[PDB]
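Written below as structure tokens is the structure these notes are about.
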Amino acid sequence: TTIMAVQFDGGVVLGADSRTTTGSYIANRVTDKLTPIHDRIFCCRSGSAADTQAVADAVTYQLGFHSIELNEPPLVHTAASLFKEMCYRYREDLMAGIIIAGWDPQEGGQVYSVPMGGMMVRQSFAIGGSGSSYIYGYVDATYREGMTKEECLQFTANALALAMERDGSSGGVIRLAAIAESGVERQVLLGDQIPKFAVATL
Amino acid sequence: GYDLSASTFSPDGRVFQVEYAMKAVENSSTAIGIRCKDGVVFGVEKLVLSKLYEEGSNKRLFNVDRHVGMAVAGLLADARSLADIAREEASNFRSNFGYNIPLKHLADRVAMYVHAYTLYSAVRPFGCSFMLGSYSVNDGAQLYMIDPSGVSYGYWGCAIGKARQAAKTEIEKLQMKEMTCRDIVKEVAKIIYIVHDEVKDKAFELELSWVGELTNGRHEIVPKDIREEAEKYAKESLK
Amino acid sequence: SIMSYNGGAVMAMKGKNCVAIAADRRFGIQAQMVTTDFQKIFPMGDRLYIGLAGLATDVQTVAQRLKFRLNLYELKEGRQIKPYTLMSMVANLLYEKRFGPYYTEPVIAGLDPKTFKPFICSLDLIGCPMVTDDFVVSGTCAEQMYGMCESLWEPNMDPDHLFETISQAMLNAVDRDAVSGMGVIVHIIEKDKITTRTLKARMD
Amino acid sequence: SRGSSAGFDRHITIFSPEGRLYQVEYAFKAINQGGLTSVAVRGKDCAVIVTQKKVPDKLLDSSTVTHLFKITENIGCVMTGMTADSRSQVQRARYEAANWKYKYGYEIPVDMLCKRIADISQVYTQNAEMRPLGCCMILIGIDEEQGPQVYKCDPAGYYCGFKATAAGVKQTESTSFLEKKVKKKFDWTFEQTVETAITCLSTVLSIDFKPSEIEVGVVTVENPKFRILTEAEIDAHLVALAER
Amino acid sequence: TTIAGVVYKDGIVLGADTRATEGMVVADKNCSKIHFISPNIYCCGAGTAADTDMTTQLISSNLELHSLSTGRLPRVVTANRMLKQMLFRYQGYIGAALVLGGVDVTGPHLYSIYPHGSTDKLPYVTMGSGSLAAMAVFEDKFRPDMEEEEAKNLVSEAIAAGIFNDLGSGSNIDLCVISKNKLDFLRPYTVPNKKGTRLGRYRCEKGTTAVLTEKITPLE
Amino acid sequence: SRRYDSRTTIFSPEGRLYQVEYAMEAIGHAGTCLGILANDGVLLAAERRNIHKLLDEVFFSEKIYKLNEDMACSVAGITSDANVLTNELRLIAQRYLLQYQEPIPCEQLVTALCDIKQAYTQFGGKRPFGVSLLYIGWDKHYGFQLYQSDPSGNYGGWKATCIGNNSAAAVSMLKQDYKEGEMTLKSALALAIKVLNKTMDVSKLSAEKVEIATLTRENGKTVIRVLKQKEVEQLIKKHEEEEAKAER
Amino acid sequence: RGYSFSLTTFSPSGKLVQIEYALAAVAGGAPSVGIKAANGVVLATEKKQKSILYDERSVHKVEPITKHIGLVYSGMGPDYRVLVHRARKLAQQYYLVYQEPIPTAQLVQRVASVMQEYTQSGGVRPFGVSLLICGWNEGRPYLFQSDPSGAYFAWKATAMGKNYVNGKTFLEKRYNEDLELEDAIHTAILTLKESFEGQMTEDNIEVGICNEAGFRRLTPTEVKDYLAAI
Amino acid sequence: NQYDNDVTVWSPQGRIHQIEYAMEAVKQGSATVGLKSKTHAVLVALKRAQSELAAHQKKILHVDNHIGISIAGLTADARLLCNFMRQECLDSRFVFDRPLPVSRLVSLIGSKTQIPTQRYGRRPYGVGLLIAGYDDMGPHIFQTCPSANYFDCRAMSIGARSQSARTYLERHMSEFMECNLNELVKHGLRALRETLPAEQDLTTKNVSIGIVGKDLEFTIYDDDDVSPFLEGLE
Ligand SMILES: *[B]([O])([O])[C]([C][C]([C])[C])[N]C(=O)[C][N]C(=O)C1=[C]C(Cl)=[C][C]=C1Cl
Ligand SMILES: *[B]([O])([O])[C]([C][C]([C])[C])[N]C(=O)[C][N]C(=O)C1=[C]C(Cl)=[C][C]=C1Cl
Ligand SMILES: [Cl-]
Ligand SMILES: [Cl-]
Ligand SMILES: [Cl-]
Ligand SMILES: [Cl-]
Ligand SMILES: [Cl-]
Ligand SMILES: [Cl-]
Ligand SMILES: [Cl-]
Ligand SMILES: [Cl-]
Ligand SMILES: [Cl-]
Ligand SMILES: [Cl-]
Ligand SMILES: [Cl-]
Ligand SMILES: [Cl-]
Ligand SMILES: [Cl-]
Ligand SMILES: [Cl-]
Ligand SMILES: [Cl-]
Ligand SMILES: [Cl-]
Ligand SMILES: [Cl-]
Ligand SMILES: [Cl-]
Ligand SMILES: [Cl-]
Ligand SMILES: [K+]
Ligand SMILES: [K+]
Ligand SMILES: [Mg+2]
Ligand SMILES: [Mg+2]
Ligand SMILES: [Mg+2]
């Protein structure tokens, strides 16, 4: 898996590859690893498919109930704290590397990492999963403060494409989402729409 | 008789044990809260039952979270236990959700705990009413009041205890929406002096607290010199 | 292997209007024969028997606890249990121990107490049921038994022919297994009678 | 018989000699202590809840005084009777719904939510150690197949779906008003649903409302999310009615 | 085991083989691996046989309680949630690998469900030791919106690919077809394998077997 | 809560347990139920209360329960209570069989249930069970046996006895007619009908109105049979012919 | 915690009065009828249904337990809903173990046993309902009644609720052993007409039938058709 | 009457008669007095003797190095509460390696003692305490009651004829803050002496004294050890 999210002024961009593996068998080549937790809050999931689905379902439940009781949209920081609480408490029984990203009216676009072990840190952009190793250098060199939504989408697609090329556990299609006050926009890059970089022939 | 248990309705649909608990509140001396442009101010008529007690003994104003004050009337040991419930609910909210409990949610949670003590023969209703006040830039000023049945509402101004109606009628004279906390403390002190029956009960302390823009959203005792000035304004206003 | 500690073999087999169930008679502990008349087939009804191979202590416990349940069932209900319902009862009993099972894999053979239709089945140690129309086998010489049964069994056999086939399947199968044998017992179940025989058998 | 009593049958939920549960009967009287009446009406396109909004005290923050509650995004409710009891029943409905969704993967139907609340209330009528809640819940939502729904449940644990219904002090009068009006309608079905609700309320109370004296909540087939009308929105209805 | 499913224009086709093994020995030649969940939902099972049986029976039963109560036909999402939350709770110790398919008010839905409790919602899925053979058929020939007969052809070919290339699979092909209008439970769909016929006879006459003891007990 | 607790498990001032006594009043109003021991068997005969024309007749009896292979009982009192106790009797009997691999001796079954009934009079704050039971059985220690138990958890063994309506009158008739050591199943059957004829004085006795079970040994096995109505009509006929002789 | 003492006890004359009073709630309930025909069973009941405002289809008095078993009642509706839920759960527990649908009598015995508990267990009153339970198994129809004490009885035909004593005498002078189901449905509805007051529509009665195909509620349009002759 | 047997039953005047009755247990105890200066907190108690040959009941109890108590009411309840106070003090030293602040301990007592006043079948504690302590905030005298309320005091007396002792303590309290230890104890003894019948006096058999302060761990003086304090009541 490769997962990523990036803050911009007014929102966030999230992406993931789409590969689920058991050993080196691809059990799903078009996985949707970006899961809605509330109207403008998503999580990107890496690690164990079972663990991350169960935790996402449980947090969706907690956050939905909390939000009805308060009669307001939830804070992105609150969704992240709920993930963290569960991933930290059960760190010995779960294999879950999560990015929480979304928009709320109080703090705008936000990205939180909850890596394995259950720490939580806010970041300008976050990457995770096995494929993220291959793109640390790329993102460190390419990230610019003040990118637009469209630049964040391009940056995310490029990063994920590079990771997918090199990581056996990542591949398939790129799923993107943009979240802002006006809502959620989802898309898929497939086939020729995935950014392409030549293999280096002599 | 139909009035021995909170699990027994009377034939007209009343729960007399809750109504009796309310009488305990109505026998107590008066507490007031006022919401204004930039926060909330609390005042209590704290009756001094012996000159042997220290100034500050038996406080009726509590901090339940750094941003939340509580003002009580009724049976004081029940009120303190409720302050501890409120403290724990605020604490557990921060631990679970990672931010400061919104006032309304804190009021509704402790109200439901109060309400749970009005259904059963196994326990008795709390003999207390209390106000909760806070301020933040995001939420503004908020003042809630909870009674022994567990009802919770928001207020511009509120009074509990035995001179409740006399207090309310004075509070209604203020345009509190356009006043600051510094102006309101004087008016709180004034109103406590108006409704205090100096013939029937000889000695009292004024207790004052506030939360607002001026305390940076922290619930705090009103400083000694401001309280003394407020008392002096109230006393001369009584003239 | 836990299931070979005591050794043992059972099988059941279906004919026209009749069923047969058979078992070796050895009770042993690893290499050592301890007795040669150990009961592994138990009546659960006039025309319904259960055979259990596996760890001898669990053979006995599962037979007994099954009997406890069945007796309560029959007293409460109006009636004799159906073969299929016994299977289910047994399945439930075994699967309750899914995470620390009894080490026994029973076979059931019977006629329906009202219609007299033939029924046979087997279950694994955690209660997975398998109903067949021919034969079932369980024990330490399952492969030997499969070989005999597959080669000999035929549809719609009369009681005399079913007896010969089950007997020959058992005797020859157990004769290739070090920890089964010391005698074979066979029950033929018909509408109107049960016939019980011990066979002339190798005692090594 | 006829109002007979033995032992503790007026104190706890045991049978009287006629087979009645006095403590349950008294819980219905507790519904009226609050002095309020609510009305709900369903048509082909929407369902509506209307209730009285009484702010006697000027010092109340009137935005916190409501009897309308969101249960889920798609289910609304009006509560009538003892206030803290009602809040508690609202929280429990919120919990039941959220738990249904988590376990079953689709939103709780309004009928099942009403039934579950009713079954919880039933326990209080059979177990002696607690009293019934002195409140009545009316739920509205859209069912994908049956259209707009109005359900009500009560302190006896009875529940029913309705074309229209009411609760509180003028419940009977509202019931007669609404019965008389549906009989006249074709296919016995309300069509002007917000108007009927407000008119019914206004008739049985004899008030003729200001927009701050009632609350109105709605769900529609085109917009199933539960919505609370603003004052201005309510006023537009009161003015459309005023002029005919 | 080879189990598989496909979403077609108007419904779901589920498929399965009928072999069960104990070690590398065939124990059942005609095991039924396509399980009833509700009148509109079926579930193929692979993995530990007692666990697939018991898990599908329990969920079918709890779903029957659910539908009796709602008065409505159940939803596939519901069976999926219930199965996954149970399998997650047991941490993978219930060795049920499932292909869950049905048709409900929102149309046809197909899920694969793994023992640790993960699920994937997909238009074609396969499970069991023959799942790669069956998946290769699907990748090569699946089209969206197939007609009923095309989808049946494709699922039987996929099961056949497991039957013939996987030692854990064999015997017959069973199908289940589920649409808004119809449920066809096709057991067997095809019998591609057969025992050869017996060339000799071993019809052993009475007295062949020597007998030590006999007791006749007459019954009623 | 102390106000509402009716205190079912306390002594009264004379050392009595009122709930127990009140339960015994309920039993005395239930259908008459007698038990008679003979040399070759034991029997239960009971008044049926289920006699309305529109009843459907679906079980093998109304108040005769098989307990295990060698024992049966009948009951007088609250029916639903009897269903609980008989179910518990069957469980006890199977727990014993499980543990020892032989049938529970009759008196040990009766004692085991009576300890449950006793406990309900001493702790728990619950109403006792409104049931008296007659038990018939065979075991290898004492042969054919007949026991009686009541809501106090007291029991005793009997050669003949009666519970339910008109018990006292029925026991006097038994005292007079029963022949210690000399009864057969056939003469115990005759005596049973004689007794029910006098104690159902409301009114003329009929096969629809009684149930008879017998318990015998045939070929090392216990047989427990509810008599068919044809057999019951024949016994009533014979009793009526016998009263024809009575003078000359 | 819960009151641990019985709220039903013996009176000095040997009566369990709370059970008697529960029976009085039943007797004041809306009438219900069951008739066992040769080839099936019918259950019918009156809706105590005021108002045209009620959505008659929103809640049902005649309910399925299993494919082959159904229920109706007389007395307190919310109490009935408890027992329907438990009966359904009992039926499923049976099926999970035996893999055969629960025989009607076994279902009745288990439900009756729940009702007995509520006459002895701590801090609770008995159920103010009597149930009529129908089913088909072993090739044959069954009709049972279960009362607030937990006592149960097998009937050929019976009535319960308001005016039940007369309903029973009406059935006595009208039931015969060889009667068909279609005829039985009629006579069930006639038995309800005896105590109706209101003019019967298909919206204020409910009818359920049990035969070899299973248990089901008759639809409004099916009831409408039987009502045309009545 | 119907309102006076259960601590869960409010009366129609908004009172709880069981709490009021429990307070009677304290009013019938023998008197004790507590007072403080800037630097010390003192407890003085009268010990009641059942006969001329009995010792005289213990009235003053050690809680921690910085805390002692004086008791009036049911002795068994006094011990139960004293054991709870001891344990809370041990816990605070174990966890934080510092003495539990006196006012925090008293809040703990309030919360503990409130609980049975709200549950059926439970009863209030039938004991009143005077609590003497010293911490970073100086000396303290607190009073606890069966109602669970508590009070921070300049000085106090509870028990039989304690009103006389309170009157004495009001009369001289403006002197207390500046008193040396000897003066302060004498003031405690004179207040206590007001509670006695005119005949009778303070003796070494009937007086007990507890002292804690800036330089002095909580210490109890009985029998011959009170003679120094009784001499020069001059
Ligand atoms: B990625 O971290 O490589 C990916 C992300 C999940 C959230 C989809 N993880 C995997 O593919 C890891 N695989 C599994 O958890 C898995 C899948 C299946 Cl189908 C069966 C067993 C297992 Cl353990
Ligand atoms: B398939 O997944 O290979 C098949 C599915 C079942 C439903 C038939 N599984 C097997 O054949 C694996 N075997 C068993 O679960 C089994 C295990 C045991 Cl311990 C005993 C008997 C059987 Cl039949
Ligand atoms: Cl996933
Ligand atoms: Cl990580
Ligand atoms: Cl990660
Ligand atoms: Cl992929
Ligand atoms: Cl007040
Ligand atoms: Cl067992
Ligand atoms: Cl959810
Ligand atoms: Cl209209
Ligand atoms: Cl799901
Ligand atoms: Cl037995
Ligand atoms: Cl036995
Ligand atoms: Cl109790
Ligand atoms: Cl249900
Ligand atoms: Cl079923
Ligand atoms: Cl139906
Ligand atoms: Cl004392
Ligand atoms: Cl004492
Ligand atoms: Cl006090
Ligand atoms: Cl005092
Ligand atoms: K790759
Ligand atoms: K109750
Ligand atoms: Mg051998
Ligand atoms: Mg040898
Ligand atoms: Mg795990």
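Residue names in the structure tokens use chain letters A, B, ... in the order shown, residue numbers from 1 in each chain, and ligand numbers from 1 in the order shown.
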Quick one: residues within 10 Å of ligand 18, with only C-alpha atoms and all ligand atoms, as a list in words?
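These are the residues that qualify: residues 25, 26, 27, 28, 29, 30, 31, 32, 45, 46, 47, 48, 57, 58, 59, 70, 71, 72, 73, 74, 75, 78, 127, 128, 129, 158, 159 and 160 of chain H.
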C-alpha atoms of the current selection, written as a PDB file, in the first residue's frame:
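Resulting contents of again.pdb:
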```pdb
ATOM      1  CA  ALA H  25     -25.299  11.167  67.679  1.00  0.00           C
ATOM      2  CA  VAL H  26     -22.660  13.909  67.510  1.00  0.00           C
ATOM      3  CA  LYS H  27     -24.534  16.319  69.869  1.00  0.00           C
ATOM      4  CA  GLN H  28     -24.631  13.612  72.516  1.00  0.00           C
ATOM      5  CA  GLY H  29     -20.906  12.797  72.303  1.00  0.00           C
ATOM      6  CA  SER H  30     -18.589  14.341  74.897  1.00  0.00           C
ATOM      7  CA  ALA H  31     -17.264  17.779  73.921  1.00  0.00           C
ATOM      8  CA  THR H  32     -14.119  18.509  72.035  1.00  0.00           C
ATOM      9  CA  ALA H  45     -11.161  16.531  74.185  1.00  0.00           C
ATOM     10  CA  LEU H  46     -13.176  15.488  77.251  1.00  0.00           C
ATOM     11  CA  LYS H  47     -13.115  11.776  77.807  1.00  0.00           C
ATOM     12  CA  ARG H  48     -16.347  10.311  79.306  1.00  0.00           C
ATOM     13  CA  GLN H  57     -12.610   6.565  76.054  1.00  0.00           C
ATOM     14  CA  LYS H  58      -9.939   7.602  73.512  1.00  0.00           C
ATOM     15  CA  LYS H  59     -11.076  10.797  71.723  1.00  0.00           C
ATOM     16  CA  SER H  70     -10.966  14.381  67.472  1.00  0.00           C
ATOM     17  CA  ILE H  71     -14.209  12.456  67.433  1.00  0.00           C
ATOM     18  CA  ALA H  72     -17.795  12.761  68.623  1.00  0.00           C
ATOM     19  CA  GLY H  73     -20.534  10.235  67.975  1.00  0.00           C
ATOM     20  CA  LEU H  74     -20.461   6.516  67.168  1.00  0.00           C
ATOM     21  CA  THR H  75     -16.967   5.250  67.920  1.00  0.00           C
ATOM     22  CA  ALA H  78     -15.136   7.167  63.876  1.00  0.00           C
ATOM     23  CA  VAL H 127     -19.781  10.824  63.662  1.00  0.00           C
ATOM     24  CA  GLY H 128     -18.493  14.332  63.643  1.00  0.00           C
ATOM     25  CA  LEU H 129     -14.797  15.062  63.474  1.00  0.00           C
ATOM     26  CA  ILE H 158     -18.865  19.831  68.849  1.00  0.00           C
ATOM     27  CA  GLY H 159     -20.601  17.485  71.285  1.00  0.00           C
ATOM     28  CA  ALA H 160     -22.602  17.937  74.453  1.00  0.00           C
TER      29      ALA H 160
END
```
Please return as a PDB file with N, CA, C and O atoms, in the first residue's frame the residues found within 10 Å of ligand 17, counting only C-alpha atoms and all ligand atoms.
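What follows is the written file selection-v1.pdb:
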```pdb
ATOM      1  N   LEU E  68     -38.183 -11.111  10.355  1.00  0.00           N
ATOM      2  CA  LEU E  68     -39.442 -11.319  11.027  1.00  0.00           C
ATOM      3  C   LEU E  68     -39.849 -10.030  11.752  1.00  0.00           C
ATOM      4  O   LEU E  68     -40.980  -9.696  11.857  1.00  0.00           O
ATOM      5  N   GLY E  71     -40.342  -7.072   9.018  1.00  0.00           N
ATOM      6  CA  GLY E  71     -41.289  -7.431   7.958  1.00  0.00           C
ATOM      7  C   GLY E  71     -40.691  -7.284   6.564  1.00  0.00           C
ATOM      8  O   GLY E  71     -41.406  -7.269   5.630  1.00  0.00           O
TER       9      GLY E  71
ATOM     10  N   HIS G  60     -49.191  -5.390  13.746  1.00  0.00           N
ATOM     11  CA  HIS G  60     -50.041  -6.566  13.530  1.00  0.00           C
ATOM     12  C   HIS G  60     -50.192  -7.304  14.839  1.00  0.00           C
ATOM     13  O   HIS G  60     -49.240  -7.403  15.652  1.00  0.00           O
ATOM     14  N   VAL G  62     -51.644 -10.521  14.581  1.00  0.00           N
ATOM     15  CA  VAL G  62     -51.396 -11.851  14.104  1.00  0.00           C
ATOM     16  C   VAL G  62     -49.968 -11.836  13.576  1.00  0.00           C
ATOM     17  O   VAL G  62     -49.683 -11.121  12.646  1.00  0.00           O
ATOM     18  N   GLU G  63     -49.072 -12.621  14.169  1.00  0.00           N
ATOM     19  CA  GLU G  63     -47.654 -12.580  13.851  1.00  0.00           C
ATOM     20  C   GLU G  63     -47.046 -13.932  13.539  1.00  0.00           C
ATOM     21  O   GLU G  63     -47.317 -14.879  14.234  1.00  0.00           O
ATOM     22  N   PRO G  64     -46.177 -14.007  12.531  1.00  0.00           N
ATOM     23  CA  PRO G  64     -45.372 -15.216  12.325  1.00  0.00           C
ATOM     24  C   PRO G  64     -44.230 -15.377  13.374  1.00  0.00           C
ATOM     25  O   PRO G  64     -43.558 -14.409  13.723  1.00  0.00           O
ATOM     26  N   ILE G  65     -44.128 -16.604  13.862  1.00  0.00           N
ATOM     27  CA  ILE G  65     -43.044 -17.083  14.673  1.00  0.00           C
ATOM     28  C   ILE G  65     -41.990 -17.776  13.826  1.00  0.00           C
ATOM     29  O   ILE G  65     -40.792 -17.564  14.032  1.00  0.00           O
ATOM     30  N   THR G  66     -42.418 -18.688  12.996  1.00  0.00           N
ATOM     31  CA  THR G  66     -41.576 -19.429  12.075  1.00  0.00           C
ATOM     32  C   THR G  66     -42.356 -19.505  10.792  1.00  0.00           C
ATOM     33  O   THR G  66     -43.505 -19.075  10.763  1.00  0.00           O
ATOM     34  N   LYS G  67     -41.783 -20.133   9.779  1.00  0.00           N
ATOM     35  CA  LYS G  67     -42.518 -20.453   8.535  1.00  0.00           C
ATOM     36  C   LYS G  67     -43.815 -21.161   8.782  1.00  0.00           C
ATOM     37  O   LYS G  67     -44.748 -21.019   8.034  1.00  0.00           O
ATOM     38  N   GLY G  70     -47.707 -19.537  13.835  1.00  0.00           N
ATOM     39  CA  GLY G  70     -48.184 -18.167  14.099  1.00  0.00           C
ATOM     40  C   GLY G  70     -48.937 -18.024  15.404  1.00  0.00           C
ATOM     41  O   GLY G  70     -49.347 -19.006  16.002  1.00  0.00           O
ATOM     42  N   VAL G 207     -56.643 -11.668  10.135  1.00  0.00           N
ATOM     43  CA  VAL G 207     -56.808 -13.095  10.027  1.00  0.00           C
ATOM     44  C   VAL G 207     -55.509 -13.702   9.594  1.00  0.00           C
ATOM     45  O   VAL G 207     -54.807 -13.170   8.755  1.00  0.00           O
ATOM     46  N   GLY G 208     -55.175 -14.822  10.215  1.00  0.00           N
ATOM     47  CA  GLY G 208     -54.004 -15.593   9.847  1.00  0.00           C
ATOM     48  C   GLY G 208     -54.406 -17.039   9.656  1.00  0.00           C
ATOM     49  O   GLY G 208     -55.341 -17.516  10.281  1.00  0.00           O
ATOM     50  N   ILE G 209     -53.697 -17.727   8.780  1.00  0.00           N
ATOM     51  CA  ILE G 209     -53.985 -19.124   8.564  1.00  0.00           C
ATOM     52  C   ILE G 209     -52.725 -19.939   8.594  1.00  0.00           C
ATOM     53  O   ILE G 209     -51.674 -19.492   8.191  1.00  0.00           O
ATOM     54  N   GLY G 214     -47.623 -23.524   5.270  1.00  0.00           N
ATOM     55  CA  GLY G 214     -47.007 -22.635   6.247  1.00  0.00           C
ATOM     56  C   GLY G 214     -48.010 -21.664   6.843  1.00  0.00           C
ATOM     57  O   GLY G 214     -49.179 -21.717   6.562  1.00  0.00           O
ATOM     58  N   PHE G 215     -47.521 -20.805   7.703  1.00  0.00           N
ATOM     59  CA  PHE G 215     -48.334 -19.811   8.354  1.00  0.00           C
ATOM     60  C   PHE G 215     -48.237 -18.504   7.586  1.00  0.00           C
ATOM     61  O   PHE G 215     -47.140 -18.100   7.197  1.00  0.00           O
ATOM     62  N   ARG G 216     -49.366 -17.827   7.399  1.00  0.00           N
ATOM     63  CA  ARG G 216     -49.322 -16.462   6.852  1.00  0.00           C
ATOM     64  C   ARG G 216     -50.545 -15.640   7.302  1.00  0.00           C
ATOM     65  O   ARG G 216     -51.609 -16.199   7.586  1.00  0.00           O
ATOM     66  N   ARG G 217     -50.388 -14.321   7.301  1.00  0.00           N
ATOM     67  CA  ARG G 217     -51.517 -13.396   7.447  1.00  0.00           C
ATOM     68  C   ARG G 217     -52.225 -13.347   6.160  1.00  0.00           C
ATOM     69  O   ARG G 217     -51.592 -13.309   5.130  1.00  0.00           O
ATOM     70  N   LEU G 218     -53.547 -13.363   6.220  1.00  0.00           N
ATOM     71  CA  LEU G 218     -54.354 -13.014   5.052  1.00  0.00           C
ATOM     72  C   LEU G 218     -54.190 -11.512   4.764  1.00  0.00           C
ATOM     73  O   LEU G 218     -53.979 -10.670   5.632  1.00  0.00           O
ATOM     74  N   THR G 219     -54.227 -11.200   3.493  1.00  0.00           N
ATOM     75  CA  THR G 219     -54.022  -9.867   3.061  1.00  0.00           C
ATOM     76  C   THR G 219     -55.387  -9.142   3.237  1.00  0.00           C
ATOM     77  O   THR G 219     -56.433  -9.809   3.291  1.00  0.00           O
TER      78      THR G 219
END
```
Contact residues (chain G, partner chain F, 8 Å, only C-alpha atoms) as a PyMOL selection string:
chain G and resi 3-15+112-113+116+120-122+149-151+153-158+172
Within 10 Å of residue 190 (chain G) using only C-alpha atoms, minus same-chain residues under 4 positions, as a list in words:
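Within the cut-off, the hits are residues 167, 170, 171, 184, 185, 186, 194, 195, 196, 227 and 230 of chain G.
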Could you give me, as a list in words, every polymer residue with an atom at most 10 Å away from an atom of ligand 8, counting only C-alpha atoms and all ligand atoms?
residues 61, 62, 63, 64, 65, 66, 67, 68, 69, 93, 94 and 96 of chain C; 95 and 98 of chain F
Just to be explicit: take each residue in the selection above, keep C-alpha atoms, and write the result as a compact mmCIF listing (two decimals), in the first residue's frame.
```
# COMPACT_ATOMS: atom_id res chain seq x y z
CA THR C 61 -17.73 -39.40 27.30
CA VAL C 62 -19.34 -38.44 23.96
CA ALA C 63 -21.54 -41.60 24.02
CA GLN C 64 -22.64 -40.80 27.59
CA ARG C 65 -23.23 -37.13 27.24
CA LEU C 66 -25.02 -37.76 23.96
CA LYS C 67 -27.25 -40.21 25.79
CA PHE C 68 -27.99 -37.63 28.45
CA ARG C 69 -29.16 -35.17 25.83
CA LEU C 93 -22.35 -31.28 21.07
CA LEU C 94 -18.95 -31.56 19.26
CA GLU C 96 -19.46 -26.62 21.51
CA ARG F 95 -27.38 -36.25 35.93
CA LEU F 98 -24.53 -39.75 33.52
```
Write out as number ranges by chain which residues come within 7 Å of residue 36 (chain B) when counting only C-alpha atoms, dropping same-chain ones fewer than 6 positions away.
B: 176-181
Identify, counting only C-alpha atoms and all ligand atoms, the protein, DNA and RNA residues located within 12 Å of ligand 24, and give them as a VMD selection string.
chain C and resid 7 to 9 23 to 26 28 31 33 139 to 141 144 to 145 170 to 184 201 to 204
Just list as a count of residues only whatever in region 54-118 of chain E DSSP marks as strand (DSSP E or B).
16
Expected answer as a PyMOL selection string: residues within 9 Å of ligand 22, only C-alpha atoms and all ligand atoms:
chain A and resi 19+131+163-172
Using C-alpha atoms, can you export the residues from the last selection as a PDB file, in the first residue's frame?
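The result, stored in again_22.pdb:
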```pdb
ATOM      1  CA  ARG A  19      -3.873  -3.241  -4.156  1.00  0.00           C
ATOM      2  CA  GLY A 131       5.363   2.069  -0.711  1.00  0.00           C
ATOM      3  CA  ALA A 163       5.645   4.285  -5.321  1.00  0.00           C
ATOM      4  CA  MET A 164       3.400   1.891  -7.226  1.00  0.00           C
ATOM      5  CA  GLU A 165       6.035   1.306  -9.826  1.00  0.00           C
ATOM      6  CA  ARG A 166       8.589   0.150  -7.196  1.00  0.00           C
ATOM      7  CA  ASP A 167       6.534  -1.442  -4.364  1.00  0.00           C
ATOM      8  CA  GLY A 168       5.242  -4.980  -5.100  1.00  0.00           C
ATOM      9  CA  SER A 169       2.551  -4.383  -2.486  1.00  0.00           C
ATOM     10  CA  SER A 170       1.209  -1.279  -4.164  1.00  0.00           C
ATOM     11  CA  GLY A 171      -0.404  -1.045  -7.609  1.00  0.00           C
ATOM     12  CA  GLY A 172      -3.600  -0.995  -9.588  1.00  0.00           C
TER      13      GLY A 172
END
```
So that I can see what lies close to region 153-168 of chain F, please list as a ChimeraX atom specification the residues with an atom at most 7 Å from it, counting only C-alpha atoms and leaving out residues fewer than 5 positions away in the same chain.
/F:27-37,76,114-115,117-118,146-148,174,199
